[PDB]
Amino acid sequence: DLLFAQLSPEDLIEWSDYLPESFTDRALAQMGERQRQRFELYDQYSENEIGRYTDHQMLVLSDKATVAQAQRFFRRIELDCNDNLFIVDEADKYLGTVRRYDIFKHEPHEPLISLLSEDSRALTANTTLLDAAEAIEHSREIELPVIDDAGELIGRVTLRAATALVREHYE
């Protein structure tokens, strides 16, 4: 019957003018790392920025990875709305996307940096929720990467999440 188990990170954000920082910190310490992550996003991104609903869970590899690593990633992990994998450089800058279907057609020794999809777009974290939902919905993608204003890949948004956003903005 616990207290901090009864408050969401969103509650904390919404009540940031009224709760002592001490209380917020004890709440954060008692929550899951996933919930702390949600709090940091809500704290950085306002209610109509897609950054706020970004999911850090994703398939990502550095620009040193090969087809062999990508194939193994897709085979070893089960993830909702996933059929792409994101490539970053050593400063975490998003470089591009490789697709599952294409990467099972290449040789395993091939660097992923040489097989980046020509179609691949990323959302900026400041994109509006409805522009985000449109961008995923009217494409052939089931997820899109999200980058911050420094170019760093911070996470992804899924087609499933876009559906929620839309249905929210009806109700």
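Numbering starts at 1 and runs along the sequence shown.
116-124 and 60-68 differ in mean CA B-factor, and the higher of the two is recorded for 116-124. Annotation for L79: C-alpha temperature factor in the middle third relative to the rest of the modelled chain, per the entry.
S16: CA B factor in the middle third of modelled residues in this chain (values from the PDB entry). In the PDB entry, a CA B factor belonging to the middle third of its chain's modelled residues is recorded for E141. Ranked by Cα temperature factor within the chain, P111 sits in the lowest third according to the deposited record. Per the PDB record, residue ranking by Cα B-factor puts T158 in the lowest third of the chain.
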